[PDB]
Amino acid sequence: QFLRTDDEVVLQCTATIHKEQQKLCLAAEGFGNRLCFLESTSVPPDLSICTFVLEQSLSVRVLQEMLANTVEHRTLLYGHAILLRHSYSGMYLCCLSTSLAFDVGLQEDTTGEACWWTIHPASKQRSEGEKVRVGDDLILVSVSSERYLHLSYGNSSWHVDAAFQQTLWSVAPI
């Protein structure tokens, strides 16, 4: 199985502190504070706010060409830029302007780079143009900021931001 546009997916990462390993899912609420957060699994507590739709998958060339021109169920491929729609709120996973690391949250407007993320293999091989398989670990790079979608630990909890270091994500259907 390959990842396809209009696939409905969960984004998961592995979090290990003090030898305690867990799986976390990217989540966000409909309303209020727009920031993404993370939920421990075991299946998250509230699954319907962890749901995203792979809405578009375009080459960076095409995306940037499309944006430049305004200035006056396809298989996902490594190196393409994707748009992730939050099912519940209808808004988009986006790299925010505000804080080394930026916030990751939800916004309506996709006409810009902030809502686009390029997909890259975990391995040292670049695998550019090759199909993304279910089971592959992904690195996700913000098109606007060039930062990675990143797992961070605070004082007591795990957070997601856009940072200078990489995190591996499992993007799995259902």
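In this text, residue numbers run from 1 along the sequence as written.
Trainee: How big is the unmodelled gap, if any, between residue 72 and residue 73 relative to the deposited sequence? Choose none, 1 to 3, 4 to 9, or 10 or more.
Mentor: The entry has 10 or more unmodelled residues between residue 72 and residue 73.
Trainee: Can you tell me how many deposited residues have no coordinates between residue 87 and residue 88? The categories are none, 1 to 3, 4 to 9, and 10 or more.
Mentor: Gap between residue 87 and residue 88: none, chain continuous.
Trainee: Could you check the entry and say whether 154-162 or 15-23 has the higher mean CA B-factor?
Mentor: 15-23 has the higher mean C-alpha B-factor.
Trainee: Out of 62-70 and 144-152, which stretch has the higher average CA B-factor listed in the record?
Mentor: 62-70 has the higher mean C-alpha B-factor.
Trainee: Whose C-alpha has the highest temperature factor in the PDB entry: 36, 47, 114, 139?
Mentor: Highest C-alpha B-factor among the listed residues goes to 47.
Trainee: With respect to C-alpha B-factor, does residue 106 fall in the lowest, middle or highest third of the chain as deposited?
Mentor: Residue 106: CA B-factor falls in the lowest third of its chain.
Trainee: Relative to the other modelled residues in the chain, which third contains the C-alpha temperature factor of residue 93: lowest, middle or highest?
Mentor: Its C-alpha B-factor belongs to the lowest third of this chain's values.
Trainee: Select lowest, middle or highest to describe the third in which the CA B-factor of residue 174 falls within its chain in this entry.
Mentor: It belongs to the highest third of the chain when residues are ordered by C-alpha B-factor.
Trainee: Compared with the other modelled residues in the chain, in which third is the CA B-factor of residue 100?
Mentor: Its C-alpha B-factor belongs to the highest third of this chain's values.
Trainee: Just say lowest, middle or highest third for the CA B-factor of residue 118 relative to the other modelled residues in its chain.
Mentor: Its C-alpha B-factor, which the entry lists for residue 118, ranks in the lowest third among residues of this chain.
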